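Student: starting from these lines, generate the structure:
(chains A, B, C, D, E, F, G, H, I, J, K, L and M, ligands or ions: 42)
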Amino acid sequence: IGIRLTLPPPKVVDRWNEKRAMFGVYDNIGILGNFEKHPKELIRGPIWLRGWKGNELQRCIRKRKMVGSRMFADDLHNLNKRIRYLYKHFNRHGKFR
Amino acid sequence: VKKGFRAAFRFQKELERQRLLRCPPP
Amino acid sequence: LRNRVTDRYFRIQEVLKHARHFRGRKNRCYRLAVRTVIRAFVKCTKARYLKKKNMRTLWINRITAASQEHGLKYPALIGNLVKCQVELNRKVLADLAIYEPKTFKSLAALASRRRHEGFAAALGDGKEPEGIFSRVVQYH
Amino acid sequence: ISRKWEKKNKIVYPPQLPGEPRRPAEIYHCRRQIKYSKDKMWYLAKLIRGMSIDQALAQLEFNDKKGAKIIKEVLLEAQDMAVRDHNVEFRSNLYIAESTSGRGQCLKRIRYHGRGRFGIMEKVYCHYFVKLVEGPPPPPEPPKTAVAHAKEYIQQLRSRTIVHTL
Amino acid sequence: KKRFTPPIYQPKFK
Amino acid sequence: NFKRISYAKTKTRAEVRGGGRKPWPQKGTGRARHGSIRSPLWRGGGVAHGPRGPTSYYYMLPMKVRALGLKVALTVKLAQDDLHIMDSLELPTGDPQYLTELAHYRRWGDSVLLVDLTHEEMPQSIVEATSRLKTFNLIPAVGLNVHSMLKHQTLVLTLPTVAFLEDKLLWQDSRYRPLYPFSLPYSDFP
Amino acid sequence: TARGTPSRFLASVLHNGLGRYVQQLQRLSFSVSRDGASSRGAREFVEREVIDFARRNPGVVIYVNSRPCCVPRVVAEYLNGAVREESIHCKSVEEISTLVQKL
Amino acid sequence: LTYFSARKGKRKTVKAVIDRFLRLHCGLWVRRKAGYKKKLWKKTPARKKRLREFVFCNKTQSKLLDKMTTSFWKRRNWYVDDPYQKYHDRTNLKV
Amino acid sequence: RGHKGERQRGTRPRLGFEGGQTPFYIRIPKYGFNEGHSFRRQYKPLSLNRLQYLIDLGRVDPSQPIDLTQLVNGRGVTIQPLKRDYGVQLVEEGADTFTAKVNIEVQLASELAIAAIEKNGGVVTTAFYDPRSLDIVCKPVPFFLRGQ
RNA sequence: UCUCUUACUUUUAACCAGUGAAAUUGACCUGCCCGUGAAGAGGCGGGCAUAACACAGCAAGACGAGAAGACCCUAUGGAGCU
RNA sequence: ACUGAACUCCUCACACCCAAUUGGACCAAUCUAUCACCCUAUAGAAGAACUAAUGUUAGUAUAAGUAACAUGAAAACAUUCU
RNA sequence: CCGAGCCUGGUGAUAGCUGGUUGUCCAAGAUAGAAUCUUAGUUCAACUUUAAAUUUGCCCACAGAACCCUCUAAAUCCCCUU
RNA sequence: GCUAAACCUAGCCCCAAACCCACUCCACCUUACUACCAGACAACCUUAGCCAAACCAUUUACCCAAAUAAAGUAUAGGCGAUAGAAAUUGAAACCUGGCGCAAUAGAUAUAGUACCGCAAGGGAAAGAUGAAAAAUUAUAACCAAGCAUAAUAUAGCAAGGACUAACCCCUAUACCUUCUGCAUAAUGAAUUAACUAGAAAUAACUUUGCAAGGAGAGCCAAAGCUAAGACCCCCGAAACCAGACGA
Ligand SMILES: [Mg+2]
Ligand SMILES: [Mg+2]
Ligand SMILES: [Mg+2]
Ligand SMILES: [Mg+2]
Ligand SMILES: [Mg+2]
Ligand SMILES: [Mg+2]
Ligand SMILES: [Mg+2]
Ligand SMILES: [Mg+2]
Ligand SMILES: [Mg+2]
Ligand SMILES: [Mg+2]
Ligand SMILES: [Mg+2]
Ligand SMILES: [Mg+2]
Ligand SMILES: [Mg+2]
Ligand SMILES: [Mg+2]
Ligand SMILES: [Mg+2]
Ligand SMILES: [Mg+2]
Ligand SMILES: [Mg+2]
Ligand SMILES: [Mg+2]
Ligand SMILES: [Mg+2]
Ligand SMILES: [Mg+2]
Ligand SMILES: [Mg+2]
Ligand SMILES: [Mg+2]
Ligand SMILES: [Mg+2]
Ligand SMILES: [Mg+2]
Ligand SMILES: [Mg+2]
Ligand SMILES: [Mg+2]
Ligand SMILES: [Mg+2]
Ligand SMILES: [Mg+2]
Ligand SMILES: [Mg+2]
Ligand SMILES: [Mg+2]
Ligand SMILES: [Mg+2]
Ligand SMILES: [Mg+2]
Ligand SMILES: [Mg+2]
Ligand SMILES: [Mg+2]
Ligand SMILES: [Mg+2]
Ligand SMILES: [Mg+2]
Ligand SMILES: [Mg+2]
Ligand SMILES: [Mg+2]
Ligand SMILES: [Mg+2]
Ligand SMILES: [Mg+2]
Ligand SMILES: [Mg+2]
Ligand SMILES: [Mg+2]
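Tutor: Numbers count the residues shown, from 1 in each chain, chains lettered A, B, ... in the order given. Ligands and ions are numbered 1, 2, ... in the order given. Let me share the structure:
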């Protein structure tokens, strides 16, 4: 049997949050703040992909270039093997060549 | 557990259907 | 596990509820009930043509029985009844054979008389009357 | 683990009206986790099923199996609780109504076969359930005579209709 | 050749 | 979706711990051929096509499309009788019950987005009022956007705000190609 | 399949057309939502067509409950006692009119 | 053909295509005939004049060479004394 | 993906391979088509029809001289100092029906274009710019922000 | 050893009492003859046979069970040796 | 003369019987934005669907209560005997 | 478990080879060959699928399509109408 | 009705920020966990290979200086698979987070423990009550395979047409895969529960926006430019190399 016997506790969500109410504020800052900032300078994330979409191979290459001088050892080796595998995949296997 | 609400509610309505078919009321 | 499936039991029940009346492990296990329910539905779909064929063969048997009670064969009855322009199909002929035997004796007498008229017309080529229970009604 | 056969003795019916029959007493009792296989225990449970309780004790005192002493203990203490707690007045006036055996929780061991190979030996356990009902034991269903066979055949021939027509 | 495979014991905790 | 970076990641079959040698050699025993544990078939294996790394979803629309969206949303707020334009946001008291009773009396809606400009000339009364309310919001006019205008029922602008909006949004009409980004001098453009 | 479901013989309920024909429908119990997009077709049905439907065949008593529900329903009760409950979840006005006419 | 490079993640050209062919901007590829400087002592002058020609390529071959080269070779160039300048635009075409 | 083989199993040979036969892109002899292509100068054309249109529409204005930076700020030509554009060459495409009376400073000039400017009482002057000075005179304000 | 096997004991074996595996298993309510069929049928065609069910034997069949033939061929697959 | 199809006619409705491949209309579970408030709606997203890989883990069946496995005898439970 | 020990790492080695490849419904949908260390594969042709522009597409009649010795057929191509 | 089934929460993952730790007493390089004695020996060294070139013999990105651009350009290369810059441009200081996982998932982890091997090394499983257990009460029952309640009835892919009746009557050569063709006596599967397989470019189509110009520098342009949607799987070898561990 997979199904649960009792229905779950009620998940109550506050739609008038602090974060939900001011979502999208200081977006659209460049257009009507005479272009002092870009809207991509509002992004808060990893230091390599802040305003950059990328592939899986391209994300790994960019992370190795911008950060891989200060990564941990096992994480750096795993990133090396991932870039090797993804090069072998994208440039040799698949349909549509 | 598997997350979600609709399948648990549907199984609840089936449980009430089976339990009402076992002991029908006067 | 992002978004793994929760309502799998209802699909299992959707297949199994058509297999509660089976025999063996097919009424319980899903891996067996699927193949037997699929074959059951294909048999149910293919059975309609066999139902119509078997019902008409049953009507042919009952009409042959009643006509052979009256000393008539089945082809003589059907042919010489359609030659008097009475268009009764096999269903109502079998129902008249079972439930209204006087009307079936009247129909068998009609078919036998039209048969005799056809035989005398074959010996005489007509000349004079082309029978009486011949002379089809003409529609325009 | 589910223990509902123990809770069946805690049902309490409403007080009966004077213009009613007796409603004979019903006593459920069971012994959990017996070190005995459920099939061999089932053969003894099928032996008892319809008999009276004194005849059940008489057959079980002389049956030469491991489960016979176990079921004799369960039936004796069910007789004792029936006379004491559930207000049966006659000790002899009880018949076995239900008698069955279920699987208990088992353990697993290795069997050490004769190469570097092995099996999974399982240490078997079972239950025994019993239900007593006061009253004389019901008479067995008599085998059907030729009169009943003929009556059912003539009823079958009277039942038929003219199919696939009006 | 002399083809032979050794038996594989399962873990003892099971 | 342009700000979203999802931090989901699972371990592929090369990052799960262990799984080096080939268990039960290829041809001897009667089990299925396997070359490593932690393959995705196994219990405890790595995921075959799981999420990979912190993935970004960044893309930018052309700026004329975003300014057109702002003009469209202002028109939609006007035509459905939702927009209200004030001379100056100033309440007499500065307590929130006055603000919610006024918004109830004028039949605005359950939620309302209040806009002033430049974030420093916002007077103390309206700030002390709506700093406690949960559906009433103050933003400077730089922070106007389609999402907050759709999320709130009405929308309250100011007369310096509507002049600011007309200038900044009409500048996209009658404008050249960039030739370098507009933060650089450009004799007309401040 | 026909071996797996029950079967009945073709019958009238109480010899309808012999004497006078009687409408075999007793009730229609409607449960629609005030807010909620799933009950929009039923909301428009209660707006425009249930008044003419009630005037059309007056043997039937119609109730509209107007209850918060994620799936609106219609319960049709017949003279012989049977109760048929159908869901009008996210349907047109024409589909709901067809459904209550067939009921 | 290195759909994704291992340094910048871009698409690479194969330089043999660039050495042997010429891409006009309209979409056509001009090539040189094979064997045009080999064993001319046994070829007749009609065959020799046929071999020294500049030849357009097929539809499928031009689709192949458009796949094999990046968008730098498909740009519009304005060279000073281009002998193939007039052949870049296309004229009087109809579907 | 089809049935089994190199198609269904993914591993199909590279683009341009022909199953072993010497491929189409290698059977063909080399010739210096794209020999020195990154060192040839390129010149964006500016027809007199386009220059007349720019003069009419309130863009590039004939009362002052017209070097490259007036044409770029008027957005009549898009000059790339990268990709080897050495400025703007003048072009006779709207020679007749050109009455403007300008002076202009271009980098090449055909004979008919010089004539068609000079019949209205104009002056043409043909100047040279190295790519660094292209990059400065085309976009001057990034150079002024550069601080050199 | 055999012509040509026979008798007795023990182990084994059958029943009773206790504990209690392993390979195998698409589902089976699992018959015979002739013919047909991916060329050797319990499941197809024509005939015949036919109340249900335990227990002990035998090995004619289930193209029987264990080991992705170890013999033959292929792989622009390996390895040893000269 | 009759029998004899998914062919044809008859009452009704009609998109509703090909391998690989291609095109199209829908769609369950899950998260998010806004709704909704006995379980749904409009959109975005993806670890998004298992009658089958001698597939992995766990539970229980078949073979099966089958193969196999035990304790020398009497007694006062001191002892004695083979 | 040594024609070259075992463990870890390169390693998610590679494999033109085997196996598998999970919701509903509808529609279209059967291929002359050439090259290739290549016939267990691939590329271009051929067919098929989708979306467009344009006008002719098929069946075909009088006329017509070298010869030479002994015969020399069913037939084929082109082709206005329809 | 037995076996059973159900639970949320330990914790974990990816980031941001910030540079981070280590003697209570005794013992611990000899046979480590040993209080106590005379040859003093001592480290600094181009990776290789699988793999791609459909074989393979030169060749094949992995190298630790932020981004974008120049640019996949100049160059190198059995000039072939592929490798690949540079001159130059510039890179807005502070905010504690999740359209992440929820006991077959997430670190292997309750733990590098149990267990296996001489050694290097390999390496698991699991727990669920309640405010009160100093409340052991009577509930809470309902759901997979497997059994019991409740063995069997002539005939046959287990069903369908049915019928007054379960059977009796008429029809019917299990599924997937590989195949010209499988009921085939060709492969896979005892069953149940959970887990387990389509990742992306150039060029085209559609929908917006602008328009001889498009684009938030770089790039394209004889109706083009920008944005979005849509599209290229899993398991399995014998092998090769490097470094440790073993008489
Ligand atoms: Mg041993
Ligand atoms: Mg590994
Ligand atoms: Mg392997
Ligand atoms: Mg894992
Ligand atoms: Mg684990
Ligand atoms: Mg396959
Ligand atoms: Mg093939
Ligand atoms: Mg060759
Ligand atoms: Mg045979
Ligand atoms: Mg068989
Ligand atoms: Mg065998
Ligand atoms: Mg084999
Ligand atoms: Mg070969
Ligand atoms: Mg080889
Ligand atoms: Mg090799
Ligand atoms: Mg070697
Ligand atoms: Mg017929
Ligand atoms: Mg038809
Ligand atoms: Mg997954
Ligand atoms: Mg999945
Ligand atoms: Mg499953
Ligand atoms: Mg096997
Ligand atoms: Mg499986
Ligand atoms: Mg025994
Ligand atoms: Mg046996
Ligand atoms: Mg024995
Ligand atoms: Mg002994
Ligand atoms: Mg592989
Ligand atoms: Mg079709
Ligand atoms: Mg091959
Ligand atoms: Mg190779
Ligand atoms: Mg290959
Ligand atoms: Mg775990
Ligand atoms: Mg069950
Ligand atoms: Mg039969
Ligand atoms: Mg066949
Ligand atoms: Mg095969
Ligand atoms: Mg074959
Ligand atoms: Mg088979
Ligand atoms: Mg095979
Ligand atoms: Mg098998
Ligand atoms: Mg020794």
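
Student: for residue 9, what are its contacts?
Tutor: If you meant another chain, say so; for now it's chain A. Neighbour list for residue A:9: empty [criterion: Cβ atoms under 8 Å, 6 or more residues apart in numbering or on different chains]. All C-beta spots, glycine's among them, are computed from the backbone N, C-alpha and C.

Student: the chain in question should be chain F.
Tutor: F:50-54.

Student: backbone dihedrals for it, both of them.
Tutor: phi -160, psi 140 (degrees, to the nearest 10).

Student: leaving out sequence neighbours, find the closest residue to the residue of chain A found nearest chain E.
Tutor: Residue of chain A nearest chain E, by Cβ to the nearest Cβ: residue A:1 (23.9 Å). Computed as Cβ to Cβ, 6 or more residues apart in numbering or on different chains, the closest residue to residue A:1 that is not its neighbour in sequence is residue C:9, at 7.3 Å.

Student: give me the secondary structure label for that neighbour.
Tutor: The three-state assignment at residue C:9 reads helix, by DSSP: H, G, I helix; E, B strand; the rest coil.

Student: ok, it - contacts?
Tutor: A:1-3, B:11.

Student: and the most centrally placed residue in chain I, what element?
Tutor: Nearest residue to the geometric centre of chain I (Cα atoms, centre = their mean): residue I:44, 3.1 Å. Per DSSP states H and E: residue I:44 is located in strand I:42-47.

Student: now for that strand, which elements pack on it?
Tutor: strand I:85-91 (3 or more Cβ pairs under 8 Å, 6 or more residues apart in numbering or on different chains; DSSP states H and E).

Student: mind checking how far the strand it packs on is from the chain centre?
Tutor: 7 Å (Cα atoms, centre = their mean, to the nearest Å).

Student: that one vs strand I:42-47, what angle?
Tutor: Angle between the axes of strand I:85-91 and strand I:42-47 is 30 degrees (criterion: axes from the mean of the first three to the mean of the last three Cα atoms, to 10 degrees).

Student: partners of strand I:85-91, with directions?
Tutor: strand I:42-47 (parallel), strand I:108-109 (parallel) (DSSP bridges).

Student: in TSV: those, plus distance to RNA strand L.
Tutor: Shown next, in TSV, are the strands paired with strand I:85-91 (distance: least, Cβ to the nearest atom of the strand, whole Å):
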stretch	distance to RNA strand L
strand I:42-47	31
strand I:108-109	40
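
Student: mind putting those strands in TSV, distance to residue F:11 included?
Tutor: Listed next are these as TSV, based on distance: least, Cβ to Cβ, whole Å:
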stretch	distance to residue F:11
strand I:42-47	52
strand I:108-109	62
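
Student: quick one: which of these is nearest residue G:66?
Tutor: Checking those against residue G:66 by Cβ to Cβ gives strand I:42-47 as the closest, at 72.6 Å.

Student: next SSE after the closest one?
Tutor: helix I:48-56.

Student: got the buried residues for that next one?
Tutor: Using 16 or more other Cβ atoms under 10 Å in any protein chain shown as the test for burial, helix I:48-56 gives I:48-52, I:54-55.

Student: can it be said to contact chain H?
Tutor: No: for helix I:48-56 and chain H, the contact criterion (Cβ under 8 Å from any Cβ of the partner chain) is not met; the two come no nearer than 14.6 Å.

Student: centre of the chain to that helix, how far?
Tutor: 18 Å.

Student: what packs against that helix?
Tutor: helix I:111-118.

Student: now do the contacts for residue F:181.
Tutor: residue A:35.

Student: tell me the phi and psi of it?
Tutor: phi -70, psi 150.

Student: residue G:45 too?
Tutor: Dihedral angles (degrees, to the nearest 10) for residue G:45: phi -70, psi -50.

Student: and residue 3, which of the three is it?
Tutor: In the absence of a named chain, this looks at chain A. coil.

Student: what's around the residue of chain G found nearest chain E, how many residues?
Tutor: Using Cβ to the nearest Cβ, the single residue of chain G nearest to chain E is residue G:4, 43.8 Å away. Here the count is done by other Cβ atoms under 10 Å in any protein chain shown, and residue G:4 has 14 residues near it.

Student: so it versus RNA strand M, what's the distance?
Tutor: 4 Å (Cβ to the nearest atom of the strand, to the nearest Å).

Student: my read: that residue touches residue C:21, true?
Tutor: Yes: counting by Cβ atoms under 8 Å, residue G:4 does reach residue C:21; the two are 5.6 Å apart.

Student: rewinding a little: residues touching the residue of chain G closest to chain E, list them.
Tutor: C:18, C:20-21, C:40.

Student: mind checking which of those residues land in helices?
Tutor: Filtering the contacts of residue G:4 for membership in helices, criterion DSSP state H, returns residue C:40.

Student: all the strands of chain D, in order from the start?
Tutor: D:26-34, D:94-100, D:107-110, D:120-123, D:126-134 (DSSP state E).

Student: quick one, helices of chain D?
Tutor: With helices called from DSSP H, chain D shows them at D:38-48, D:53-61, D:66-84, D:146-159.

Student: name the residues of the second one that come out as buried.
Tutor: When neighbours are counted by 16+ other Cβ under 10 Å, the buried residues of helix D:53-61 are found to be D:53, D:56-57, D:60.

Student: tell me who's in contact with the spatially closest residue to residue D:93 that is not a sequence neighbour.
Tutor: Excluding its sequence neighbours, the residue lying closest to residue D:93 (Cβ to Cβ, 6+ apart) is residue D:134, at 5.4 Å. Taking Cβ under 8 Å, 6+ apart, we find residue D:134 in contact with D:24-25, D:82, D:88, D:90, D:93-95.

Student: so what's residue D:134 bridging to?
Tutor: Here residue D:134, judged by DSSP bridges, has bridge partners residue D:94.

Student: same deal with residue A:27?
Tutor: residue A:25.

Student: burial count for the closest residue to chain B within chain G?
Tutor: Of all residues in chain G, the one sitting closest to chain B is residue G:70 (10.1 Å; Cβ to the nearest Cβ). The number of residues packed near residue G:70 is 9, by other Cβ under 10 Å.

Student: that one and residue G:35 touch, don't they?
Tutor: No: in this structure, residue G:70 is not within contact of residue G:35 by Cβ under 8 Å, at 11.2 Å.

Student: please tell me how far the residue of chain I found nearest RNA strand J sits from residue I:26.
Tutor: Closest approach between chain I and RNA strand J, counting by Cβ to the nearest atom of the strand: residue I:20, at 5.9 Å. For residue I:20, the distance to residue I:26 (Cβ to Cβ, to the nearest Å) stands at 12 Å.

Student: the two: which is more packed in?
Tutor: residue I:26 (13 against 7).

Student: the more buried one contacts residue H:16, doesn't it?
Tutor: Yes: contact status for residue I:26 versus residue H:16: in contact at 6.1 Å, counting by Cβ under 8 Å.

Student: tell me the contacts of the closest residue to residue F:133 other than its chain neighbours?
Tutor: Using Cβ to Cβ, 6+ apart and skipping the chain neighbours, the partner closest in space to residue F:133 is residue F:96 (5.1 Å). Contact analysis of residue F:96 by Cβ under 8 Å, 6+ apart lists F:129-130, F:132-133, F:136.
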